[PDB]
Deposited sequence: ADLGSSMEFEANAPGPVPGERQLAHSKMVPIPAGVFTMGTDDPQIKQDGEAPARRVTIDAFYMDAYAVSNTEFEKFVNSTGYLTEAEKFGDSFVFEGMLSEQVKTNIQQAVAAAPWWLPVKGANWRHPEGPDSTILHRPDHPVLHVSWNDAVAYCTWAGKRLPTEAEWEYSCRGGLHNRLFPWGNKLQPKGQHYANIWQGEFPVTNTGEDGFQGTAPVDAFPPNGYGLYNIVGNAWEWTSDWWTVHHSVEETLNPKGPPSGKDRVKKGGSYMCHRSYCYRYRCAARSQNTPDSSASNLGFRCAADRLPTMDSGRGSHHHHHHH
């Protein structure tokens, strides 16, 4: 009902990255101290309904619609890996291909949106993408040097805290956490700053160009490198399992070309100040 609401992320200093990297190729290390000015972050990833308001207002055609295909995980059917298929007619309204629909999942995160699509939405909304540092600071939710937004245990108190994979990937997803594919954007507990599904569910685009080479120097509101070929995405998705993936940590990070899209990748917006009410 308020799926475009923002929360205030307080000013602070935090440790970005980790000196105990789990996927070393991704440049999770070194840990570095980063200062972040107070700003606002969407509580929820952008949902199908919210994206549809944007498309209704602007007529925007997404990159996947213009290309005529997008990547779909083979386990969702009725490339980076054999389980990623380029499906003709897969896009945000048709997340598994032309015979699928979003009618029954209006409150789920929008998928098959490229980095350019995400920038278009956020700017239409009076907002912007978060930087990687803003995203990671917000993900950590006021905790220092923890694996997850909520701490170091995957299932605190025996409860699922995010939508990831259980079972044997890619053949069997048991749905133990309540969701095979995506969950509603307001599912699961919030983190300490009031964000929902910051890890898991679907990946989220950030504004930074990708590099794996980071300095240990302290920085203020860093924006990432001035050039690159891929943009950074964060958080992991409903596909992720410890056995092959382990990217549902705040420090984890991956990348895609900005015209890329997939069935497990969306976004949320940020803003320096609140945009106009309504």
Problem set entry | Ranges missing from the model, given as deposited sequence positions | 1-22, 101-111, 312-323
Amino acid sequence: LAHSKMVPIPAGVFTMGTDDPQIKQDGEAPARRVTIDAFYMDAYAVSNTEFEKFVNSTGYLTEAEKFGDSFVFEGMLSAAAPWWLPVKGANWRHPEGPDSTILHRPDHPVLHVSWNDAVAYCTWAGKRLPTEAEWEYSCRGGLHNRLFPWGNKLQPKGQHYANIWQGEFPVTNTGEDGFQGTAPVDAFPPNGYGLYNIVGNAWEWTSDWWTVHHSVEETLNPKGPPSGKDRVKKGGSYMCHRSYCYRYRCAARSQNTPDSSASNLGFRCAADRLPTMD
From here on, numbers count along this sequence of modelled residues.
Seminar exercise, completed: Assert higher mean C-alpha B factor (93-101 or 158-166, deposited values) equals 93-101
Seminar exercise, completed: Entry B factor averaged over C-alpha atoms, 216-224 against 28-36: higher for 216-224
Problem set entry | Residue with highest C-alpha B-factor in the PDB entry, from 9, 270, 23, 262 | 23
Problem set entry | Selection by C-alpha B-factor (highest) of 133, 120, 185, 76 | 76
Problem set entry | Entry-reported Cα temperature factor of residue 67, expressed as the chain third it lands in | highest
Exercise. Which third of the chain does residue 145 land in by C-alpha B-factor: lowest, middle or highest?
Worked result: highest
For this session: Sorting the chain's modelled residues by C-alpha B-factor, tell me whether residue 206 ends up in the lowest, middle or highest third.
Result: lowest
Exercise. So where's residue 197 on the chain's Cα temperature factor ranking, which third?
Worked result: lowest
For this session: Using the B-factor values recorded in the entry, state whether the Cα atom of residue 246 falls in the lowest, middle or highest third among the modelled residues of its chain.
Result: highest
